[PDB]
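*Asks:* Before anything else, here's the structure in question.
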Amino acid sequence: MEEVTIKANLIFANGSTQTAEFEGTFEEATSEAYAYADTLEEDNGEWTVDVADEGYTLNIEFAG
């Protein structure tokens, strides 16, 4: 039941990139990361996510 580290890569069509690094459970580091994107859609547009490296890498790309 040990905690994990998840890499959240964030790219906007605005010509700028951002990154976030969450620590917690397999669900506490994932729902916080998706909520961080949810609080950005309202100021950007819809988004997509590509799960990689056993779930430890979340590549988020906004459509715009």
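As shown in the structure tokens, the chain order sets the letters A, B, ...; within each chain, residues go from 1, and ligands are also counted from 1 in the order they appear.
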Can you tell me, as a list in words, what residues are no more than 9 Å from range 45-59 of chain A when counting only C-alpha atoms, ignoring any on the same chain fewer than 4 positions away?

*Replies:*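 So, after excluding close chain neighbours, the residues are residues 4, 5, 6, 7, 8, 9, 10, 11, 26, 30, 33, 37, 40, 41, 63 and 64 of chain A.
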
*Asks:* Please extract the residues of chain A with a backbone DSSP assignment of strand (DSSP E) and present them as a ChimeraX atom specification.

*Replies:* /A:4-12,16-24,47-52,57-62

*Asks:* Quick one: distance from CA of residue 12 in chain A to CA of residue 62 in chain A in Å, one decimal?

*Replies:* 5.2 Å

*Asks:* Please run DSSP on the backbone and report, as a ChimeraX atom specification, all residues within chain A that come out as alpha helix (DSSP H).

*Replies:* /A:31-41

*Asks:* Find the distance between CA of residue 3 in chain A and CA of residue 23 in chain A and write it in Å to one decimal.

*Replies:*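 It comes out at 7.1 Å.
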
*Asks:* How many Å separate CA of residue 44 in chain A from CA of residue 27 in chain A?

*Replies:*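 Atom-to-atom, CA of residue 44 in chain A and CA of residue 27 in chain A are spaced 25.0 Å apart.
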